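Below is one structure; the comments refer to it alone.
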Amino acid sequence: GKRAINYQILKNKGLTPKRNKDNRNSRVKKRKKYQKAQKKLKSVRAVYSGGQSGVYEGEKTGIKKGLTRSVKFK
Amino acid sequence: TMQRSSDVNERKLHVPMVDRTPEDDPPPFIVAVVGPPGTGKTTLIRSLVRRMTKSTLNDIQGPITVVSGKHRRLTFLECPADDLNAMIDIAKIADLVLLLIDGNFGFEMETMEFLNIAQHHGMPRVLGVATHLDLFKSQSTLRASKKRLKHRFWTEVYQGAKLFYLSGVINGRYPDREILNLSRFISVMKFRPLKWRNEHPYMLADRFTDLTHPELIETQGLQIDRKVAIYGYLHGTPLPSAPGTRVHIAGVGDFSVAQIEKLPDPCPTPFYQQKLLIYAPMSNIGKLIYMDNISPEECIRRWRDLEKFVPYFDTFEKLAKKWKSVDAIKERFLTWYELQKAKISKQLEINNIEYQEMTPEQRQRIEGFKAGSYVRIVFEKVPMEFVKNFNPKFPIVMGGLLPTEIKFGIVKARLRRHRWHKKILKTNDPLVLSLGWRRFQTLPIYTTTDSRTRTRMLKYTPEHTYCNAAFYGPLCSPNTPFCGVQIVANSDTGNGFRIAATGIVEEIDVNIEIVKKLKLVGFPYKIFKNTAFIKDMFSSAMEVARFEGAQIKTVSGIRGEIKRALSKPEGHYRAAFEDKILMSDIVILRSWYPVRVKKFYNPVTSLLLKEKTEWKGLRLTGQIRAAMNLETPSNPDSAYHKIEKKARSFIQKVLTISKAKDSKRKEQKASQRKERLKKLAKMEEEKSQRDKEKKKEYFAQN
Amino acid sequence: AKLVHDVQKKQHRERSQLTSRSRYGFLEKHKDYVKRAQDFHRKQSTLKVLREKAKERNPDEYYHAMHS
Amino acid sequence: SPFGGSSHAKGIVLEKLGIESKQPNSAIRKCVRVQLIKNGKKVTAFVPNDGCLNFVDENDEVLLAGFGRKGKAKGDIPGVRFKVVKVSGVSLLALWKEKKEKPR
Amino acid sequence: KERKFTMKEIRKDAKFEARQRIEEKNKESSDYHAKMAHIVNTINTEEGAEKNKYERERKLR
Amino acid sequence: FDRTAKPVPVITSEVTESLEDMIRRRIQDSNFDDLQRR
Ligand SMILES: Nc1nc2c(ncn2[C@@H]2O[C@H](COP(=O)(O)OP(=O)(O)OP(=O)(O)O)[C@@H](O)[C@H]2O)c(=O)[nH]1
Ligand SMILES: [Mg+2]
């Protein structure tokens with residue numbers, strides 16, 4: 001029959017936004033920012049990803065005729 | 001470091017306040033040992049009296065007044081750790097609080113409630129005593145518990161407060177080194193002024209006698225409202241000596257004083273003023289004017305009709321002839337904070353320098369027993385149960401009343417659910433208030449100004465911010481804090497908090513207008529273009545004829561007035577709108593019915609029960625509903641809801657997949673194109689304002 | 001979000017249609033109203049522009065396509 | 001520098017300027033009339049968040065600081081140079097996020 | 001005839017108190033706009049004077 | 001409650017007195033704003 005104090009009165013926090021388990025450990029947030037930005041620049045360049053892994057199944061995602069991604073000399 | 005030299009001398013400048021603690025007979029500064037049940041209090045009291053007067057005290061009860069040091073003394077009080085009905089007024093009366101925590105348990109909610117009550121009602125000098133360090137040999141864990149308790153305590157009270165730690169008890173008394181280094185601190189105390197204890201004459205009772213006739217009580221038979229002498233010790237502002245003063249002692253309600261009397265002081269002054277120690281109880285022309293008998297003109301002829309305003313005069317010719325020459329009247333004719341402190345201190349100094357005069361006027365009939373005078377008070381008509389079941393454990397505080405705080409009526413305060421109370425406060429659910437000296441259960445009504453035009457009734461308090469509130473009760477002065485408790489009985493406390501509503505009274509009145517938005521509601525049944533006959537919101541054409549001209553709006557957001565009653569289908573009527581409504585709409589008025597506050601008022605009347613606690617006042621609405629087991633009145637249409645050939649067949653399937661996939665891809669690209677457009681709008685607006693700042697900074701060199 | 005709480009920007013759910021009028025159900029709130037009203041305004045405007053051309057029909061028009 | 005040399009000045013609030021502004025959380029609602037103590041003068045301070053305006057009532061020994069707008073707002077008034085940062089001992093940011101408690 | 005009398009009288013009452021409270025509401029709204037505008041531009045100008053004075057004193061040095 | 005528009009302005013002897021002294025002051029000025037032969 002002896003009282004106690006609960007968690008929020010012991011910690012004395014409250015009325016904060018919902019923060020992030022990714023935001024807790026800085027090594028993790030500087031990992032889940034990189035491997036997103038690692039997968040981001042599969043959309044501005046076309047980076048090397050090992051090469052011909054299986055047998056050559058074709059280029060598998062579309063080749064278009066009227067497009068030249070070659071920087072030209074003015 | 002001139003910036004630091006001009007920045008650290010802003011710690012001095014505060015609000016100028018006045019003290020009224022005179023330097024001739026200062027009262028014993030009431031300190032108040034309070035905390036959890038079980039640990040601490042009585043052994044700490046025994047140790048402090050054993051180190052301050054070299055004599056023990058077994059079976060202590062009630063308030064002691066011990067002496068410490070040369071000039072001034074102090075007063076202890078073992079407050080019981082089971083009732084807010086003692087905890088609240090102890091926090092209202094106290095000046096220092098040595099506050100007990102036990103380090104093998106963490107904090108506790110009784111000292112939590114005490115610290116919140118002190119924080120609202122006016123901060124005394126708090127000083128933490130962490131006892132019960134039987135923790136372990138692991139001095140790492142001892143340092144850990146002391147560090148975490150110190151950081152939590154410095155967050156709860158001012159950061160930097162003293163937290164004296166005590167070890168185990170050596171045969172009844174505490175370690176005397178720690179009692180030494182605590183007693184030196186409370187000898188170098190240095191208190192501060194507070195507005196309540198510098199505006200109200202307040203006294204702690206330490207002796208309590210019933211000078212009512214034994215033959216009279218034996219011939220009346222345990223029925224009388226007796227007469228009672230409180231032998232006590234007043235603090236604060238001077239309790240005015242003329243009998244007839246309204247004085248509220250706590251937990252029974254107010255009375256008027258019958259006669260008061262100054263006693264021999266039972267505590268030391270300095271011995272030079274003695275010539276030229278624990279006390280532990282419960283264990284001409286002025287009299288010519290003010291003489292009642294004589295008439296005023298007989299008074300002035302012994303010395304030597306004001307509706308007529310004009311001053312008196314003699315014969316016009318007489319004083320004109322006297323003042324044909326008027327040379328008899330030729331003798332008449334011909335920083336900021338230290339400034340404010342000098343102003344009020346020079347006021348107090350000239351007050352004292354014309355107080356230091358003849359004793360019957362200037363001590364007990366012009367200002368009346370200033371501060372620090374052991375006085376007996378008597379009250380007749382004090383009820384029976386007070387003296388029948390008086391307990392020496394409980395404190396008896398008593399504060400006088402200003403002329404404004406005996407009247408009754410409504411009062412409009414601001415309120416807020418205390419942020420650790422686990423449940424919010426429904427309106428018309430009664431609660432106990434420590435508004436000033438009186439503590440009372442009353443029914444509030446929580447209102448808010450909807451953007452400051454009218455005061456409508458909320459059905460609930462807001463969840464974390466303030467709101468206005470109005471309730472019947474004793475009309476205290478404006479701008480004062482007050483706490484509000486829920487149920488006070490210790491049969492229902494469990495594991496939850498007890499303080500519910502902190503707040504501040506700012507405004508009193510005698511009648512409040514306060515509305516509640518009821519919405520008249522009807523349905524359309526013959527919908528035209530631009531007008532509609534609406535149905536079964538008014539029972540008669542007389543009601544429609546009163547309400548002709550009103551703005552209504554549907555649930556779709558279209559306005560429209562109503563015009564005239566229809567004739568034959570007597571309930572129905574005709575209204576004009578923005579454009580054509582659907583049939584599945586609801587027309588809505590807007591209307592305000594003035595609700596009135598309930599005139600309930602019941603003080604706690606705490607120290608009259610046999611039990612001294614367990615004062616069940618009015619129960620909450622939820623628990624009387626659970627007591628007579630009615631369900632909570634849900635409304636079934638009000639609950640929310642979560643609203644809302646092979647080759648040819650194959651080619652048709654492929655096309656009807658692909659066109660819908662590309663359709664929603666296109667609409668998603670358009671949706672995000674809208675946000676890219678808004679982002680570019682913000683960027684161009686910021687860039688344009690930056691460049692129009694730069695183009696005039698380029699020209700301000702002219 | 002500058003200086004607000006999440007409890008200050010909690011969600012307001014919308015109330016249903018009453019069961020007493022559930023035969024012609026689906027109470028119709030403000031977004032559905034504006035999606036009705038702008039559509040009706042557009043239909044009225046195209047009706048009035050073809051009515052205006054009808055009131056100025058100019059009864060002597062002729063093209064090669066009007067032989068059948 | 002804006003008041004002698006100090007960066008902060010204790011002050012006494014006269015009255016909540018603009019309680020009758022109907023639009024909630026507006027510039028003319030979020031002002032107080034602070035009596036600066038260091039030279040005994042009037043100034044108009046700018047307490048943030050009208051929901052936490054109502055901590056300070058009257059002579060709450062408030063502690064001011066500068067404001068320093070980092071751009072241009074929609075309906076902000078100019079002239080207010082001072083914001084409230086601490087009231088009666090505690091910081092009203094901590095009060096508005098309800099960690100501490102205002103003492104009286 | 002009494003029904004016609006009471007309906008005519010209550011609608012005359014409605015039109016009368018309609019007119020008086022609506023001119024009262026517009027009058028108090030206009031005076032509120034006047035008071036609010038007055039305090040906002042006096043707090044604008046009287047403080048902007050010393051704001052520009054302190055900015056002139058700072059930008060020199 | 002609240003209402004949309006001001007009601008019909010009822011014609012009282014005070015408002016016809018103000019209209020009559022308006023028009024009689026106006027034609028005492030003879031400031032009637034008619035057309036002209038132009
Ligand atoms: N080991 C140890 N025991 C303690 C310590 N402090 C108090 N106690 C024990 O607690 C018991 C209760 O003593 P008190 O604290 O004086 O009791 P109280 O103050 O009257 O508290 P209540 O009975 O609830 O009113 C004592 O008999 C002690 O044995 C401590 O620091 N160490
Ligand atoms: Mg005890």
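Naming scheme: A, B, ... for chains in displayed order of the structure tokens; residues 1 onward per chain; ligands 1 onward as shown.
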
Tell me, as a JSON list (two decimals) with N, CA, C and O atoms, in the first residue's frame, which residues lie within 9 Å of residue 460 of chain B, counting only C-alpha atoms; anything in the same chain fewer than 3 positions away does not count.
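Listing of selection_18.json after writing:
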[["chain", "number", "residue", "atom", "x", "y", "z"],
["B", 424, "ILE", "N", -8.73, 13.94, -18.02],
["B", 424, "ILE", "CA", -9.10, 15.35, -18.14],
["B", 424, "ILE", "C", -10.38, 15.62, -17.37],
["B", 424, "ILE", "O", -11.08, 14.69, -16.96],
["B", 425, "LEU", "N", -10.68, 16.89, -17.17],
["B", 425, "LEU", "CA", -11.70, 17.34, -16.23],
["B", 425, "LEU", "C", -12.98, 17.70, -16.98],
["B", 425, "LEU", "O", -13.03, 18.71, -17.68],
["B", 426, "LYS", "N", -14.01, 16.88, -16.82],
["B", 426, "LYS", "CA", -15.30, 17.19, -17.42],
["B", 426, "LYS", "C", -15.96, 18.32, -16.64],
["B", 426, "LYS", "O", -15.81, 18.42, -15.42],
["B", 427, "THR", "N", -16.68, 19.20, -17.35],
["B", 427, "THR", "CA", -17.42, 20.26, -16.69],
["B", 427, "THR", "C", -18.58, 19.70, -15.89],
["B", 427, "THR", "O", -19.09, 18.61, -16.18],
["B", 446, "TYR", "N", -16.24, 25.05, -17.24],
["B", 446, "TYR", "CA", -15.09, 25.45, -18.04],
["B", 446, "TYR", "C", -15.57, 26.06, -19.34],
["B", 446, "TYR", "O", -16.26, 25.40, -20.12],
["B", 447, "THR", "N", -15.22, 27.32, -19.56],
["B", 447, "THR", "CA", -15.65, 28.03, -20.75],
["B", 447, "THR", "C", -14.43, 28.51, -21.52],
["B", 447, "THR", "O", -13.29, 28.45, -21.05],
["B", 457, "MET", "N", -19.93, 27.52, -23.30],
["B", 457, "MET", "CA", -19.61, 26.47, -22.34],
["B", 457, "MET", "C", -18.97, 25.30, -23.07],
["B", 457, "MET", "O", -19.53, 24.78, -24.04],
["B", 463, "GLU", "N", -6.94, 19.77, -23.43],
["B", 463, "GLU", "CA", -6.13, 18.64, -23.02],
["B", 463, "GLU", "C", -4.80, 19.05, -22.43],
["B", 463, "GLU", "O", -4.29, 18.36, -21.54]]

- Item | Counting only C-alpha atoms, chain B residues within 6 Å of chain D, as a PyMOL selection string | chain B and resi 3+6-7+15+119-120+122+336+451-452

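The contact shell of ligand 1, defined as all polymer residues within 6 Å when only C-alpha atoms and all ligand atoms are used, comprises residues 37, 38, 39, 40, 41, 42, 43, 131, 132, 133, 134, 167, 168 and 169 of chain B.
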
Among chain D, which ones does DSSP assign to alpha helix (DSSP H) (computed from the backbone)? Answer as an mmCIF file with C-alpha atoms, in the first residue's frame.
data_model
loop_
_atom_site.group_PDB
_atom_site.id
_atom_site.type_symbol
_atom_site.label_atom_id
_atom_site.label_comp_id
_atom_site.auth_asym_id
_atom_site.auth_seq_id
_atom_site.Cartn_x
_atom_site.Cartn_y
_atom_site.Cartn_z
ATOM 1 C CA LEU D 92 8.643 29.800 -21.077
ATOM 2 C CA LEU D 93 9.820 27.497 -23.852
ATOM 3 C CA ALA D 94 10.161 24.840 -21.155
ATOM 4 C CA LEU D 95 6.834 26.005 -19.759
ATOM 5 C CA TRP D 96 5.099 25.732 -23.124
#

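Interface residues on chain F toward chain B (cut-off 10 Å, only C-alpha atoms): residues 1, 2, 3, 4, 5, 6 and 7 of chain F.
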
Ligand 2 neighbours within 12 Å using only C-alpha atoms and all ligand atoms, as an mmCIF file with N, CA and C atoms, in the first residue's frame:
data_model
loop_
_atom_site.group_PDB
_atom_site.id
_atom_site.type_symbol
_atom_site.label_atom_id
_atom_site.label_comp_id
_atom_site.auth_asym_id
_atom_site.auth_seq_id
_atom_site.Cartn_x
_atom_site.Cartn_y
_atom_site.Cartn_z
ATOM 1 N N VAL B 33 8.421 20.056 8.317
ATOM 2 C CA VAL B 33 8.881 18.749 7.875
ATOM 3 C C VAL B 33 7.703 17.974 7.296
ATOM 4 N N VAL B 34 7.762 17.713 5.995
ATOM 5 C CA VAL B 34 6.707 16.990 5.303
ATOM 6 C C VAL B 34 7.386 16.026 4.345
ATOM 7 N N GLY B 35 6.661 14.996 3.935
ATOM 8 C CA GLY B 35 7.203 14.024 3.022
ATOM 9 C C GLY B 35 6.368 12.768 2.964
ATOM 10 N N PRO B 36 7.024 11.623 2.880
ATOM 11 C CA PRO B 36 6.306 10.369 2.783
ATOM 12 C C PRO B 36 5.915 9.868 4.155
ATOM 13 N N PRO B 37 4.954 8.954 4.239
ATOM 14 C CA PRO B 37 4.711 8.272 5.508
ATOM 15 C C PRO B 37 5.839 7.307 5.818
ATOM 16 N N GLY B 38 6.031 7.057 7.105
ATOM 17 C CA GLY B 38 7.057 6.130 7.522
ATOM 18 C C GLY B 38 8.403 6.777 7.757
ATOM 19 N N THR B 39 9.087 7.175 6.689
ATOM 20 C CA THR B 39 10.480 7.580 6.792
ATOM 21 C C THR B 39 10.614 9.008 7.294
ATOM 22 N N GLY B 40 11.675 9.254 8.061
ATOM 23 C CA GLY B 40 12.057 10.630 8.291
ATOM 24 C C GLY B 40 11.574 11.343 9.540
ATOM 25 N N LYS B 41 10.395 11.961 9.389
ATOM 26 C CA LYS B 41 9.928 13.148 10.106
ATOM 27 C C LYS B 41 10.196 13.183 11.607
ATOM 28 N N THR B 42 9.741 12.169 12.340
ATOM 29 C CA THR B 42 9.840 12.228 13.793
ATOM 30 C C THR B 42 11.282 12.083 14.260
ATOM 31 N N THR B 43 12.067 11.236 13.592
ATOM 32 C CA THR B 43 13.471 11.111 13.963
ATOM 33 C C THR B 43 14.266 12.347 13.583
ATOM 34 N N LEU B 44 13.920 12.997 12.472
ATOM 35 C CA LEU B 44 14.620 14.233 12.129
ATOM 36 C C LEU B 44 14.268 15.355 13.098
ATOM 37 N N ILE B 45 13.013 15.396 13.552
ATOM 38 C CA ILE B 45 12.604 16.368 14.564
ATOM 39 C C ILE B 45 13.344 16.127 15.871
ATOM 40 N N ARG B 46 13.445 14.857 16.272
ATOM 41 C CA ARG B 46 14.136 14.505 17.504
ATOM 42 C C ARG B 46 15.613 14.859 17.426
ATOM 43 N N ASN B 58 10.636 12.635 23.479
ATOM 44 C CA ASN B 58 9.991 11.368 23.187
ATOM 45 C C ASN B 58 8.484 11.568 23.122
ATOM 46 N N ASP B 59 7.863 10.933 22.120
ATOM 47 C CA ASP B 59 6.441 11.069 21.784
ATOM 48 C C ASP B 59 6.083 12.538 21.554
ATOM 49 N N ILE B 60 6.691 13.098 20.523
ATOM 50 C CA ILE B 60 6.427 14.478 20.142
ATOM 51 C C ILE B 60 5.089 14.559 19.409
ATOM 52 N N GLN B 61 4.382 15.666 19.617
ATOM 53 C CA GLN B 61 3.118 15.919 18.950
ATOM 54 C C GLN B 61 2.932 17.424 18.834
ATOM 55 N N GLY B 62 2.351 17.851 17.718
ATOM 56 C CA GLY B 62 2.040 19.244 17.509
ATOM 57 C C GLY B 62 3.261 20.097 17.231
ATOM 58 N N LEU B 77 7.088 21.447 12.693
ATOM 59 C CA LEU B 77 5.733 20.922 12.549
ATOM 60 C C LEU B 77 5.802 19.604 11.795
ATOM 61 N N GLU B 78 5.595 18.491 12.489
ATOM 62 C CA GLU B 78 5.513 17.199 11.815
ATOM 63 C C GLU B 78 4.182 17.124 11.090
ATOM 64 N N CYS B 79 4.188 17.428 9.812
ATOM 65 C CA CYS B 79 2.934 17.361 9.078
ATOM 66 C C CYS B 79 2.599 15.908 8.765
ATOM 67 N N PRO B 80 1.349 15.494 8.957
ATOM 68 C CA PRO B 80 0.980 14.114 8.647
ATOM 69 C C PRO B 80 1.015 13.871 7.153
ATOM 70 N N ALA B 81 1.508 12.697 6.782
ATOM 71 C CA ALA B 81 1.761 12.350 5.389
ATOM 72 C C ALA B 81 0.654 11.490 4.814
ATOM 73 N N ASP B 82 -0.581 11.744 5.214
ATOM 74 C CA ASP B 82 -1.704 10.983 4.709
ATOM 75 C C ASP B 82 -2.862 11.855 4.260
ATOM 76 N N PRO B 392 -3.959 16.208 18.054
ATOM 77 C CA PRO B 392 -2.768 17.059 18.185
ATOM 78 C C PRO B 392 -1.831 16.973 17.004
ATOM 79 N N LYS B 393 -1.989 15.968 16.145
ATOM 80 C CA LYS B 393 -1.128 15.842 14.979
ATOM 81 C C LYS B 393 -1.426 16.915 13.943
ATOM 82 N N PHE B 394 -2.680 17.314 13.820
ATOM 83 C CA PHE B 394 -3.020 18.128 12.662
ATOM 84 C C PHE B 394 -2.774 19.602 12.957
#

- Message: Tell me as a count of residues only which residues belonging to chain C come within 10 Å of chain A, counting only C-alpha atoms.
- Response: 4

- Task: Could you give me, as an MDAnalysis selection string, each residue of chain D that DSSP assigns to strand (DSSP E or B) when run on this structure's backbone?
- Result: chainID D and resid 3 6 9:17 31:36 41:45 62:66 82:87 90

Those same residues - C-alpha atoms - I'd like them written as a PDB file, in the first residue's frame.
ATOM      1  CA  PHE D   3      19.881  48.427 -23.668  1.00  0.00           C
ATOM      2  CA  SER D   6      23.466  43.669 -21.453  1.00  0.00           C
ATOM      3  CA  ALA D   9      16.999  42.641 -19.021  1.00  0.00           C
ATOM      4  CA  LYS D  10      14.573  41.737 -16.274  1.00  0.00           C
ATOM      5  CA  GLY D  11      11.263  43.494 -16.612  1.00  0.00           C
ATOM      6  CA  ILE D  12       7.818  43.970 -15.148  1.00  0.00           C
ATOM      7  CA  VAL D  13       4.792  43.378 -17.362  1.00  0.00           C
ATOM      8  CA  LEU D  14       2.168  46.098 -17.248  1.00  0.00           C
ATOM      9  CA  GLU D  15      -0.657  44.397 -19.121  1.00  0.00           C
ATOM     10  CA  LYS D  16      -1.238  41.891 -21.895  1.00  0.00           C
ATOM     11  CA  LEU D  17      -1.410  44.129 -24.956  1.00  0.00           C
ATOM     12  CA  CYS D  31       2.399  41.681 -27.306  1.00  0.00           C
ATOM     13  CA  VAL D  32       2.999  42.701 -23.699  1.00  0.00           C
ATOM     14  CA  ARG D  33       3.952  46.041 -22.172  1.00  0.00           C
ATOM     15  CA  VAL D  34       7.118  45.386 -20.184  1.00  0.00           C
ATOM     16  CA  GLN D  35       8.527  47.945 -17.766  1.00  0.00           C
ATOM     17  CA  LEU D  36      12.280  47.677 -18.139  1.00  0.00           C
ATOM     18  CA  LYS D  41      10.985  52.611 -19.049  1.00  0.00           C
ATOM     19  CA  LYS D  42       8.280  51.087 -21.206  1.00  0.00           C
ATOM     20  CA  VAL D  43       8.823  48.638 -24.055  1.00  0.00           C
ATOM     21  CA  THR D  44       6.602  46.301 -26.078  1.00  0.00           C
ATOM     22  CA  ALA D  45       7.721  42.681 -26.029  1.00  0.00           C
ATOM     23  CA  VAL D  62       9.763  38.700 -16.906  1.00  0.00           C
ATOM     24  CA  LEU D  63      13.154  38.450 -18.642  1.00  0.00           C
ATOM     25  CA  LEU D  64      13.403  39.825 -22.178  1.00  0.00           C
ATOM     26  CA  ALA D  65      15.743  39.277 -25.113  1.00  0.00           C
ATOM     27  CA  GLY D  66      15.994  40.556 -28.669  1.00  0.00           C
ATOM     28  CA  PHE D  82      11.990  42.204 -27.808  1.00  0.00           C
ATOM     29  CA  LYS D  83      10.814  38.669 -27.185  1.00  0.00           C
ATOM     30  CA  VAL D  84      10.130  36.922 -23.901  1.00  0.00           C
ATOM     31  CA  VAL D  85      12.607  34.157 -23.116  1.00  0.00           C
ATOM     32  CA  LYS D  86      12.220  33.667 -19.361  1.00  0.00           C
ATOM     33  CA  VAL D  87       9.335  34.395 -16.995  1.00  0.00           C
ATOM     34  CA  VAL D  90      11.797  29.606 -15.540  1.00  0.00           C
TER      35      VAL D  90
END

- Message: Could you tell me which residues of chain D sit within 7 Å of chain E when counting only C-alpha atoms, and give me the result as a ChimeraX atom specification?
- Response: /D:28,77-80

Taking N, CA and C atoms for each residue, export the selection above as a short mmCIF file (atom, residue, chain, number, x, y, z; two decimals), in the first residue's frame.
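File written: selection-v3.cif
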data_model
loop_
_atom_site.label_atom_id
_atom_site.label_comp_id
_atom_site.auth_asym_id
_atom_site.auth_seq_id
_atom_site.Cartn_x
_atom_site.Cartn_y
_atom_site.Cartn_z
N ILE D 28 -0.82 41.51 -33.08
CA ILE D 28 -1.39 42.42 -32.09
C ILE D 28 -1.96 41.68 -30.89
N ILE D 77 3.95 42.67 -37.32
CA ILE D 77 4.13 44.10 -37.16
C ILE D 77 5.60 44.38 -36.90
N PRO D 78 6.13 45.48 -37.39
CA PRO D 78 7.47 45.90 -36.99
C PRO D 78 7.34 46.77 -35.74
N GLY D 79 8.49 47.05 -35.14
CA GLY D 79 8.50 47.86 -33.94
C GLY D 79 8.78 47.04 -32.70
N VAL D 80 8.19 45.86 -32.60
CA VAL D 80 8.56 44.96 -31.52
C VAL D 80 9.98 44.47 -31.77
#

- Using only C-alpha atoms, select each residue of chain B with any atom at most 8 Å away from an atom of chain C, and give the selection as a PyMOL selection string. chain B and resi 555-557+583-585+637-641+643

- Message: Counting only C-alpha atoms, a student should be able to say which residues of chain B come within 8 Å of chain A; what is the right answer, written as a list in words?
- Response: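 Listing them in order of chain and number gives residues 107, 108, 109, 152, 420, 494 and 495 of chain B.
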
Dump as a PDB file, in the first residue's frame, selection limited to N, CA and C atoms:
ATOM      1  N   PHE B 107      11.633   8.988  -5.732  1.00  0.00           N
ATOM      2  CA  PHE B 107      10.754  10.024  -5.215  1.00  0.00           C
ATOM      3  C   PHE B 107       9.480   9.385  -4.674  1.00  0.00           C
ATOM      4  N   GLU B 108       8.488  10.214  -4.369  1.00  0.00           N
ATOM      5  CA  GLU B 108       7.210   9.709  -3.898  1.00  0.00           C
ATOM      6  C   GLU B 108       6.148  10.759  -4.190  1.00  0.00           C
ATOM      7  N   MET B 109       4.920  10.308  -4.380  1.00  0.00           N
ATOM      8  CA  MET B 109       3.941  11.248  -4.885  1.00  0.00           C
ATOM      9  C   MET B 109       3.394  12.186  -3.820  1.00  0.00           C
ATOM     10  N   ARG B 152      17.039  15.357 -10.550  1.00  0.00           N
ATOM     11  CA  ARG B 152      15.582  15.428 -10.586  1.00  0.00           C
ATOM     12  C   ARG B 152      15.053  16.483  -9.624  1.00  0.00           C
ATOM     13  N   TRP B 420       0.337  15.968 -15.113  1.00  0.00           N
ATOM     14  CA  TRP B 420       0.580  14.572 -14.797  1.00  0.00           C
ATOM     15  C   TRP B 420      -0.685  13.859 -14.356  1.00  0.00           C
ATOM     16  N   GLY B 494      -4.850   4.854  -4.958  1.00  0.00           N
ATOM     17  CA  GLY B 494      -4.260   3.809  -5.773  1.00  0.00           C
ATOM     18  C   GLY B 494      -2.818   4.034  -6.173  1.00  0.00           C
ATOM     19  N   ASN B 495      -2.626   4.357  -7.443  1.00  0.00           N
ATOM     20  CA  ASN B 495      -1.310   4.603  -7.994  1.00  0.00           C
ATOM     21  C   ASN B 495      -1.247   5.894  -8.783  1.00  0.00           C
TER      22      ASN B 495
END

- Message: Between atom CA of residue 507 of chain B and atom CA of residue 462 of chain B, what is the distance in Å, rounded to a tenth?
- Response: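 One can read the atom CA of residue 507 of chain B to atom CA of residue 462 of chain B distance as 20.4 Å.
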
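Between atom CA of residue 465 of chain B and atom CA of residue 418 of chain B lies a distance of 9.6 Å.
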
- Could you please select, counting only C-alpha atoms, the residues of chain B within 7 Å of chain E and state them as a ChimeraX atom specification? /B:542,545-546

Any idea which chain E residues end up within 9 Å of chain F if we count only C-alpha atoms, as a PDB file with C-alpha atoms, in the first residue's frame please?
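What landed in result02.pdb:
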ATOM      1  CA  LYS E  15     -38.088  42.833 -37.333  1.00  0.00           C
ATOM      2  CA  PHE E  16     -37.658  45.510 -34.654  1.00  0.00           C
ATOM      3  CA  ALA E  18     -33.468  42.464 -35.712  1.00  0.00           C
ATOM      4  CA  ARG E  19     -32.828  46.030 -36.840  1.00  0.00           C
ATOM      5  CA  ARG E  21     -29.197  44.392 -32.713  1.00  0.00           C
ATOM      6  CA  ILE E  22     -27.816  44.393 -36.239  1.00  0.00           C
ATOM      7  CA  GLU E  23     -26.931  48.093 -36.142  1.00  0.00           C
TER       8      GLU E  23
END

- Message: Please compute the atom CA of residue 522 of chain B-atom CA of residue 581 of chain B distance, one decimal, in Å.
- Response: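 Distance between the two atoms: 13.4 Å.
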
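Those residues that approach segment 259-273 of chain B to within 9 Å, counting only C-alpha atoms, are residues 25, 65, 66, 67, 70, 71, 72, 73, 241, 242, 243, 244, 276, 277, 278, 279, 369, 372, 373, 374, 375, 376, 377, 378 and 379 of chain B; same-chain residues fewer than 3 positions away are not listed.
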
Could you save the residues just selected, with C-alpha atoms, as a JSON list (two decimals), in the first residue's frame?
[["chain", "number", "residue", "atom", "x", "y", "z"],
["B", 25, "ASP", "CA", 10.19, 40.86, 17.55],
["B", 65, "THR", "CA", 9.02, 26.34, 18.98],
["B", 66, "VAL", "CA", 12.72, 25.81, 19.64],
["B", 67, "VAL", "CA", 15.44, 28.46, 19.79],
["B", 70, "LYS", "CA", 21.11, 34.46, 19.54],
["B", 71, "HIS", "CA", 18.37, 36.64, 18.08],
["B", 72, "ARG", "CA", 15.58, 34.60, 16.56],
["B", 73, "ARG", "CA", 13.88, 31.24, 17.01],
["B", 241, "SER", "CA", -6.79, 44.29, 17.63],
["B", 242, "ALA", "CA", -10.41, 45.42, 17.60],
["B", 243, "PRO", "CA", -12.77, 42.46, 18.09],
["B", 244, "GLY", "CA", -15.03, 41.74, 15.16],
["B", 276, "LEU", "CA", 16.72, 46.36, 30.80],
["B", 277, "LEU", "CA", 15.23, 27.21, 25.56],
["B", 278, "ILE", "CA", 12.82, 24.81, 23.87],
["B", 279, "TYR", "CA", 9.14, 25.59, 24.42],
["B", 369, "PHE", "CA", -0.12, 43.37, 17.53],
["B", 372, "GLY", "CA", 5.52, 38.02, 16.87],
["B", 373, "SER", "CA", 3.14, 38.27, 19.81],
["B", 374, "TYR", "CA", 1.94, 35.19, 21.68],
["B", 375, "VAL", "CA", -1.76, 35.97, 21.76],
["B", 376, "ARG", "CA", -4.83, 34.18, 22.96],
["B", 377, "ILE", "CA", -7.91, 34.39, 20.77],
["B", 378, "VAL", "CA", -11.39, 33.32, 21.71],
["B", 379, "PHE", "CA", -14.29, 32.43, 19.47]]
